[PDB]
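Have a look below at one chain only, the form deposited in one PDB entry, in structure tokens format.
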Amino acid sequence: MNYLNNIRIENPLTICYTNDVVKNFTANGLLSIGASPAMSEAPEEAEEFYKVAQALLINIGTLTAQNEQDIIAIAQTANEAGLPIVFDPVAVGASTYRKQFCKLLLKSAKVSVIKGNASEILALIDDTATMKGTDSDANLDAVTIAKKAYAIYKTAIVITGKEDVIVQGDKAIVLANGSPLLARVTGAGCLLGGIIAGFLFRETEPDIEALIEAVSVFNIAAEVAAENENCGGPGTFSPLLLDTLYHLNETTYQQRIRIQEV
């Protein structure tokens, strides 16, 4: 756990422009691993915040007309500042509104990681694709979709699912950690977007190892939290997830990581 040690020591300022359902959970997840979250949404303070920040998360869960301009503006401010952007195109497949916005954003700014479930990333690369908010199952290959998305955007792609897929540069990786209770907790993937941002340390082209570690730290903590004897369900799980992220050590991480290339 190279990068996590550095997060706990350096306390990286991690800006989050995220959706209204998950702000509190995202901030508590970041605080638990030692990062310094800031949910700054005013374009007027983006320049000064971004100079000293290590990453920015943009998550469009609750996109409205009031957000659209601000989001484009702060993405551009981030590019000018060399601040890496993690982008979560939540439920992009569910509306033509979200598809058009995501297209505009990816034409207006370079992002450093694109993270979503299989249907979300599919809808990005194929605008006839369709979803609810959740992901169509049996999607074709998360691996094939991630590789196609990488070729199009030349940006690291993370596809979450039963198993998680990461594509960066010439490598593709499949990870197989976590718990089913994660899917019954509303912040989870939106929180993962924030955690990934916490691992970037101002690298606009992040090392795949940093992404692998972000996802594995999150999923291993979930795994362990769900095994706790006081985990009685999705309610009690969530405080335990945060405890487990706080205490996670090298030994547990190395014992539990499940990873495979190509």
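Take the two forms, find the largest set of C-alpha atoms that superpose within 1.5 Å, and that set is the rigid core. Each residue number is its position in the shown sequence, starting from 1.
The discussion below concerns the form deposited in another entry, not included here.
Residue among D141, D126, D137, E80 whose Cα moves 2 Å or more between the shown form and the other one, once the rigid core is superposed: Only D137 moves by 2 Å or more at its C-alpha.
Distance direction in the other entry for the C-alpha atoms of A129 and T18, relative to the displayed form (3 angstroms or more): Farther apart in the other entry, by 3 Å or more.
Pair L200/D135, Cα separation in the other entry versus the displayed form, closer or farther by 3 angstroms or more: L200 and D135 sit farther apart in the other entry.
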